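Taking it in order: structure first as structure tokens, then the write-up.
Computed from the coordinates by the stated procedures, all read-outs in this text should not be read as laboratory data. So basically every Cβ, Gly included, is an ideal-geometry build from the backbone, and we count neighbours across all protein chains shown.
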Amino acid sequence: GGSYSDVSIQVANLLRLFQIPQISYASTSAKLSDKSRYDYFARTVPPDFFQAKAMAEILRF
Amino acid sequence: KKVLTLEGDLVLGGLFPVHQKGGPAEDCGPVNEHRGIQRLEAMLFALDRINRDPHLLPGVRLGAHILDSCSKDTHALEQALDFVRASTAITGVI
Ligand SMILES: N[C@@H](CCC(=O)O)C(=O)O
């Protein structure tokens, strides 16, 4: 679960206390890549670090 | 791993930054001599003054369950489970 990044972050903060794995399907925020804090989180979507590059390159073109 | 415990009828929790954030190898490093220790001793001093006050809670004695955050939010959150594991019960948190 987790469609909005805010919901995923809030849920991940709680689940790491009880050691429960979590996989998202639509959360693309970059903050979740820091495994020192969200050490039980995974996702099947890329982070937002590349979307900014794509948008900037569209503007440059 | 340490906790400061004082017996009473109603227990108030506490959270103070006794230790500075150690870094990657260790969560807690050196001690705060001003914002870590003095503030905690202030809370203990206030508790002692209240516990010999006849006008304020003459028949109820207040306990304490004080923890350390080590200036980190993840460490603080891991420690805070002691406050909610009861539901000894914790009435309020300073
Ligand atoms: N990736 C969006 C969710 C949008 C969607 O549900 O497709 C977010 O992180 O808020």
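Brief remarks follow.
- Each of A:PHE61, B:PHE16 was scored by other Cβ atoms within 10 Å of its Cβ. Arranged with the fewest first, they read A:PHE61, B:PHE16.
- Karplus-derived 3J(HN,Hα), 6.51/-1.76/1.60, for each residue of the range B:79-87, Hz, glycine and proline x: 6, 5, 5, 5, 6, 10, 5, 5, 9
- Cα principal axis extents for chain B, largest first, Å: 49, 33, 16
- In terms of surrounding Cβ atoms within a 10 Å radius of their Cβ, A:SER29, A:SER8, A:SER36 rank from fewest to most as A:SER36, A:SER29, A:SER8.
- Using just its DSSP H runs of length 4 or more, each adding -39500 (n - 2.57), chain A gives a mean residue ellipticity at 222 nm of -12000 deg cm²/dmol after division by all residues.
- Residues whose amide H comes within less than 5 Å of that of A:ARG43, counting only those at least five positions distant or on another chain, are A:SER24 (H built at 1.01 Å from N in the peptide plane).
- Between B:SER71 and B:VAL18, B:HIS19, the built amide H atoms are under 5 Å apart, and every one of these is 5 or more places off in sequence or on another chain.
- Per-residue HN-Hα couplings for the range A:30-40 [Karplus 6.51, -1.76, 1.60; θ = phi - 60°; Hz; x = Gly/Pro]: 6, 4, 6, 7, 8, 7, 6, 10, 9, 8, 9
- Dipole-positive endmost among B:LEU77, B:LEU47, A:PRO46 within the protein assembly as shown (Cβ charges, Cα centre): A:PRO46
- Evaluated with a Cβ-only charge set (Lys, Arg +1; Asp, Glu -1), the range A:14-58 carries a dipole of roughly 140 debye about its Cα centre, given to the nearest 20.
- Value of [θ]222 nm, deg cm²/dmol, for chain B, DSSP H segments ≥ 4, -39500 (n - 2.57) each, nearest 500: -7500 deg cm²/dmol
- Bridge type composition, the protein assembly as shown - antiparallel percent by DSSP, nearest 5: 30
- Equivalent ellipsoid of chain A: semi-axes from √(5λ) of the C-alpha gyration tensor, largest first, are 27, 10, 8 Å.
- Helix A:51-60 and the long axis of chain A differ in direction by around 10°, with both axes built from C-alpha atoms.
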